[PDB]
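Visitor: Order-wise, the sequence lines are chains A and B.
For the first sequence, the deposited numbering assigns the number 26 to the initial residue and increments by one for each residue that follows.
For the second sequence, the deposited numbering assigns the number 26 to the initial residue and increments by one for each residue that follows.
A virtual CB, placed ideally from N, CA and C, is assigned to each residue, including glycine.
Can you keep this structure in mind? I'll have questions shortly.
Number of protein chains: 2
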Amino acid sequence: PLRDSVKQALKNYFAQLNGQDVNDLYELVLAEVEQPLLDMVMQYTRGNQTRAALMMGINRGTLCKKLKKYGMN
Amino acid sequence: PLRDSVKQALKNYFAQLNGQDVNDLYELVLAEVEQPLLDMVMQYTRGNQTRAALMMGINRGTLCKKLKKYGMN
Numbered sequence: 026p027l028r029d030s031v032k033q034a035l036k037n038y039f040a041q042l043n044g045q046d047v048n049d050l051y052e053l054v055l056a057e058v059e060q061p062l063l064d065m066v067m068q069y070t071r072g073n074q075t076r077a078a079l080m081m082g083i084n085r086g087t088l089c090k091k092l093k094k095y096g097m098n
Numbered sequence: 026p027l028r029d030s031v032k033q034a035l036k037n038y039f040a041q042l043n044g045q046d047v048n049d050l051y052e053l054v055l056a057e058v059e060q061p062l063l064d065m066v067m068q069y070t071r072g073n074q075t076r077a078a079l080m081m082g083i084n085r086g087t088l089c090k091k092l093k094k095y096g097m098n
């Protein structure tokens, strides 16, 4: 599954850290994930925000707040 | 990179859909990425929660909230 590639992506990421500290890893991983999610729910639903928010189990205001936040619509 | 894995996982998720509605896609995909994130950061900070909250950019209490969700602690 998808758990294991998240697991590997981080094994790899942390393997090239050295004296670089990280202080934003969650938000860094979440942009990488919410952006293909949002894109693909939208491709699917063909732009219908009300349908993509119900599919997601997200309130539609929250769908649009997320879309904004990432520059997508 | 990892966003291509979420895109592949979701076009593969959609195919099995066969017109049933989904009303939970965002939690289902959050759980699948959060719990690898959480275990990979704990192993790396050698179980040190606060070193992990600071690397994830979250506070201790959210780390403990999330660790609880997945039965991490």
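Check whether the Cβ of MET81 of chain B lies closer than 8 Å to any Cβ atom in chain A.
Guide: For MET81 of chain B, the answer is yes, since a Cβ of chain A falls inside 8 Å of its Cβ.
Visitor: Take the Cβ of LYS90 of chain B as the centre, count every other Cβ of all protein chains shown within 10 Å, and call the residue buried at 16 or more, exposed below.
Guide: Exposed is the call here.
Visitor: For residue 1 of chain A, does the three-state DSSP call read helix, strand or coil?
Guide: Here chain A comprises residues numbered 26 to 98, so residue 1 of chain A is not present and cannot be evaluated.
Visitor: If we call anything under 8 Å between Cβ atoms a contact, is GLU59 of chain A one with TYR95 of chain A?
Guide: In this structure, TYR95 of chain A lies closer than 8 Å to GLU59 of chain A by Cβ.
Visitor: For a contact defined as C-beta to C-beta under 9 Å, what are the partners of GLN41 of chain A on chain B?
Guide: Simply none; closest approach about 13 Å.
Visitor: Residue range of the alpha helix (DSSP H) that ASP46 of chain A falls in?
Guide: Per DSSP, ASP46 of chain A belongs to no alpha helix (DSSP H) and is neither H nor E.
Visitor: Which residues in the same chain as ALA77 of chain A place their Cβ atom closer than 7 Å to its Cβ, once the five residues preceding and following it in sequence are excluded?
Guide: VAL66, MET67, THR70 and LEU88, listed in sequence order.
Visitor: Beta-carbon separation of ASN48 of chain B and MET80 of chain A under 8 Å?
Guide: Against a cut-off of 8 Å, the Cβ pair of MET80 of chain A and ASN48 of chain B comes out as a contact.
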